[PDB]
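Taking it in order: structure first as structure tokens, then the write-up.
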Amino acid sequence: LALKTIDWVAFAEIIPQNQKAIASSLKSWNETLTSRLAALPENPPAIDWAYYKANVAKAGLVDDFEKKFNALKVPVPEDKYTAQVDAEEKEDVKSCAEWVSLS
Amino acid sequence: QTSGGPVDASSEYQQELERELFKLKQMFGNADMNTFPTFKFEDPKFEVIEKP
Amino acid sequence: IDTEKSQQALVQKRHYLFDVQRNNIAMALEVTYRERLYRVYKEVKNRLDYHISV
């Protein structure tokens with residue numbers, strides 16, 4: 001978990017008027033995203049076996065279910081979105097650097 | 001003494017047990033709940049982020 | 001003079017835009033990931049309870 005703390009009026013100070021709304025939308029997303037993170041814990045509670053080992057009289061159903069579950073690996077998706085924003089940040093850094101030198 | 005009687009001579013109550021278990025299923029779901037579940041995994045949407 | 005000095009600190013602050021985007025990225029990622037974890041946890045719990053119920 002790597003989250004960068006942020007101001008927000010400072011954010012508002014650096015939005016060109018042509019694209020306020022999307023930025024604001026972005027902003028909105030953040031907040032609801034944060035809520036959606038606090039809306040559920042990190043890991044689900046793993047289903048025990050003994051409670052089902054001694055109650056599910058079905059043959060092998062609990063067994064093979066638990067096994068295929070342990071044999072299940074959820075696809076943890078990769079971003080492929082951070083590198084491009086990093087590069088855009090780099091270009092913006094170059095631009096503001098030359099601007100501030102000239103100023 | 002029911003090893004010989006799979007229901008021990010009920011001779012009825014099937015006409016209601018059918019509906020009871022049908023409703024129990026159709027409220028629990030509609031798939032083959034006796035098999036292992038399959039899973040499709042969607043992925044989020046995105047957009048242009050840089051200055052247009 | 002100071003107005004240019006003001007413009008200096010302002011552009012200096014510009015880096016907030018990018019990290020906020022980053023923040024939403026890592027956030028939404030774990031969201032869908034954890035959502036998947038609870039989807040799979042719920043669905044197996046459903047079949048498990050279904051059989052023990054009937």
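The chains in the structure tokens are called A, B, ... from first to last as shown; in each chain the residues are counted from 1, and the ligands are counted from 1 in the order shown.
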Legend entry - Within 9 Å of region 10-27 of chain C using only C-alpha atoms, minus same-chain residues under 5 positions, as a ChimeraX atom specification: /A:1-8,10-11,13-15,23,26-27,29-30,33-34,37,79,81-82,85-86,88-89,92-93,96-97,100 /B:49 /C:5,32
Please save C-alpha atoms of the selected residues as an mmCIF file, in the first residue's frame.
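Just written: result_16.cif:
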```
data_model
loop_
_atom_site.group_PDB
_atom_site.id
_atom_site.type_symbol
_atom_site.label_atom_id
_atom_site.label_comp_id
_atom_site.auth_asym_id
_atom_site.auth_seq_id
_atom_site.Cartn_x
_atom_site.Cartn_y
_atom_site.Cartn_z
ATOM 1 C CA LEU A 1 0.000 0.000 0.000
ATOM 2 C CA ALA A 2 1.729 3.138 -1.313
ATOM 3 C CA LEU A 3 -0.469 6.246 -1.164
ATOM 4 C CA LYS A 4 0.834 9.777 -1.636
ATOM 5 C CA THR A 5 -0.779 12.248 0.747
ATOM 6 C CA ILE A 6 -2.125 15.338 -1.002
ATOM 7 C CA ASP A 7 -3.415 18.835 -0.436
ATOM 8 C CA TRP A 8 -6.542 19.688 -2.334
ATOM 9 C CA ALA A 10 -3.204 23.204 -4.047
ATOM 10 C CA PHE A 11 -4.580 20.741 -6.583
ATOM 11 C CA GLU A 13 -4.605 25.913 -8.038
ATOM 12 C CA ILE A 14 -2.979 23.958 -10.858
ATOM 13 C CA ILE A 15 -5.949 23.053 -13.059
ATOM 14 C CA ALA A 23 -10.152 16.921 -12.942
ATOM 15 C CA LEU A 26 -11.041 12.687 -10.982
ATOM 16 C CA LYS A 27 -11.192 14.302 -7.548
ATOM 17 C CA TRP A 29 -13.464 9.395 -7.999
ATOM 18 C CA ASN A 30 -10.668 9.558 -5.440
ATOM 19 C CA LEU A 33 -12.583 5.105 -4.218
ATOM 20 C CA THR A 34 -11.246 5.812 -0.707
ATOM 21 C CA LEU A 37 -11.515 0.854 0.170
ATOM 22 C CA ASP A 79 -1.944 -1.570 -14.044
ATOM 23 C CA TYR A 81 -1.320 2.724 -16.477
ATOM 24 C CA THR A 82 1.344 4.162 -14.190
ATOM 25 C CA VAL A 85 1.515 9.043 -16.341
ATOM 26 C CA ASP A 86 5.083 8.878 -15.050
ATOM 27 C CA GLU A 88 3.858 12.608 -18.810
ATOM 28 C CA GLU A 89 4.958 13.859 -15.407
ATOM 29 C CA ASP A 92 5.805 18.315 -17.544
ATOM 30 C CA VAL A 93 8.787 18.548 -15.208
ATOM 31 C CA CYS A 96 8.153 23.713 -15.982
ATOM 32 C CA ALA A 97 11.912 23.581 -15.423
ATOM 33 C CA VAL A 100 11.077 28.681 -14.382
ATOM 34 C CA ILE B 49 -5.263 11.762 -18.124
ATOM 35 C CA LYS C 5 8.072 34.696 -7.487
ATOM 36 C CA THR C 32 -11.066 -4.654 -8.138
#
```
Per residue of chain B within 9 Å of chain C, note the shortest atom pair and the distance in Å to one decimal, counting only C-alpha atoms, and order the rows by chain and increasing residue number, as JSON lines.
```
{"residue": "B:21", "atom": "CA", "partner": "C:54", "partner_atom": "CA", "distance": 7.2}
{"residue": "B:24", "atom": "CA", "partner": "C:54", "partner_atom": "CA", "distance": 7.6}
{"residue": "B:25", "atom": "CA", "partner": "C:50", "partner_atom": "CA", "distance": 7.8}
{"residue": "B:28", "atom": "CA", "partner": "C:50", "partner_atom": "CA", "distance": 6.6}
{"residue": "B:29", "atom": "CA", "partner": "C:46", "partner_atom": "CA", "distance": 8.7}
{"residue": "B:33", "atom": "CA", "partner": "C:47", "partner_atom": "CA", "distance": 5.5}
{"residue": "B:34", "atom": "CA", "partner": "C:47", "partner_atom": "CA", "distance": 7.2}
{"residue": "B:35", "atom": "CA", "partner": "C:47", "partner_atom": "CA", "distance": 8.4}
{"residue": "B:36", "atom": "CA", "partner": "C:44", "partner_atom": "CA", "distance": 7.9}
{"residue": "B:37", "atom": "CA", "partner": "C:44", "partner_atom": "CA", "distance": 6.8}
{"residue": "B:38", "atom": "CA", "partner": "C:40", "partner_atom": "CA", "distance": 8.9}
{"residue": "B:39", "atom": "CA", "partner": "C:40", "partner_atom": "CA", "distance": 7.4}
{"residue": "B:41", "atom": "CA", "partner": "C:36", "partner_atom": "CA", "distance": 7.2}
{"residue": "B:42", "atom": "CA", "partner": "C:32", "partner_atom": "CA", "distance": 8.4}
{"residue": "B:43", "atom": "CA", "partner": "C:32", "partner_atom": "CA", "distance": 7.2}
{"residue": "B:44", "atom": "CA", "partner": "C:32", "partner_atom": "CA", "distance": 7.5}
{"residue": "B:49", "atom": "CA", "partner": "C:21", "partner_atom": "CA", "distance": 7.9}
```
Inset, instruction - Would you kindly report the residues of chain A within 12 Å of chain B, using only C-alpha atoms, as a VMD selection string? - result: chain A and resid 15 to 20 22 to 23 25 to 26 29 58 to 69 71 to 82 84 to 92
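The gap separating CA of residue 52 (chain C) from CA of residue 51 (chain A) is 10.4 Å, in Å to one decimal.
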Legend entry - Gap from CA of residue 45 (chain A) to CA of residue 34 (chain C) - Å, one decimal: 12.0 Å
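For the set A:94, A:47, A:24, A:53, the residue with the smallest atom-to-atom gap to chain C is A:47, counting only C-alpha atoms.
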Legend entry - Which of chain A fall in alpha helix (DSSP H), as a PyMOL selection string: chain A and resi 9-13+20-38+50-53+61-70+82-102
Inset, instruction - Measure the distance from CA of residue 7 (chain B) to CA of residue 20 (chain B) in Å and round it to one decimal. - result: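 Separating CA of residue 7 (chain B) from CA of residue 20 (chain B) is a distance of 16.7 Å.
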